[PDB]
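Chemist:
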Amino acid sequence: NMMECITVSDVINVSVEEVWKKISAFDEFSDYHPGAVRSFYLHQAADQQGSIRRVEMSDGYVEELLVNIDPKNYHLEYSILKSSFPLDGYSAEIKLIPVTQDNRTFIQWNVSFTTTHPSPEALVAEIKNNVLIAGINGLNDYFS
Ligand SMILES: [Cl-]
Ligand SMILES: [K+]
């Protein structure tokens, strides 16, 4: 019943334009996330907003809706429509801010959800380390 909330932020050594280009490509999630086997569009929108992707991982699957995107502010919000995981009301958020010195990128990844999992502290630690931290480090390895 309690609303979980995770916030992970780091600095990737790559320009903000190149980070946004890969992140705004909604279906290319599996290219840089090591836990995602495949990722593709179920339905794609011309204005990006409203696109639905499917991310297949080693545990289960996930189908997410792109609820809002703002290229001028490097802001991106998406939520889970269907999932084989005990994630109810899941919503995620990505915010990029340029780092002028050496032209890097400040990434901030926030998620919020409610779960019926009996051990939620282990579930929030699983998402924080193996989804958010692993995804940021994966984006850093993708641009190596
Ligand atoms: Cl959020
Ligand atoms: K992968």
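Be aware that the sequence shown starts at 2, since it is given in the authors' numbering, and climbs by one per residue.
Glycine included, each C-beta is placed from N, C-alpha and C at the ideal position.
Looking at residue 164: is its Cβ nearer than 8 Å to the Cβ of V112?
Modeler: A question about residue 164 goes unanswered here, because the residues of the chain that appear run from 2 up to 145.
Chemist: How would you write the range of the alpha helix (DSSP H) that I24 sits in, first residue to last?
Modeler: Here residue 24 refers to the residue found at position 23 when the sequence shown is read from its first residue. Start and end: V17 to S25.
Chemist: Would you mind stating whether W110 and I95 have Cβ atoms separated by less than 8 Å?
Modeler: The count along the sequence shown starts at 1 and reaches residue 110 at position 109. The count along the sequence shown starts at 1 and reaches residue 95 at position 94. Against a cut-off of 8 Å, the Cβ pair of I95 and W110 comes out as a contact.
Chemist: Taking the alpha-carbon of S25 as reference, which of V12, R54, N2 and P121 has the nearest alpha-carbon?
Modeler: Working through the sequence shown from its first residue, we reach residue 25 at position 24. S25 has its Cα closest to that of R54, out of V12, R54, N2 and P121.
Chemist: Restricting to Cα atoms, I'd like to know which of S31, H44 and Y79 is closest to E57.
Modeler: Taking the sequence shown and counting its residues from 1, the one referred to as residue 57 is at position 56. Closest by alpha carbon: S31.
Chemist: Which residues does DSSP list as the beta-bridge partners of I95?
Modeler: Taking the first residue of the sequence shown as position 1, residue 95 is located at position 94. In the DSSP output, where bridge partners are listed per residue, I95 has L77 and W110.
Chemist: Can you tell me whether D48 is helix, strand or coil according to DSSP?
Modeler: Along the sequence shown, read from residue 1 onward, the residue named residue 48 stands at position 47. It is coil, neither helix nor strand.
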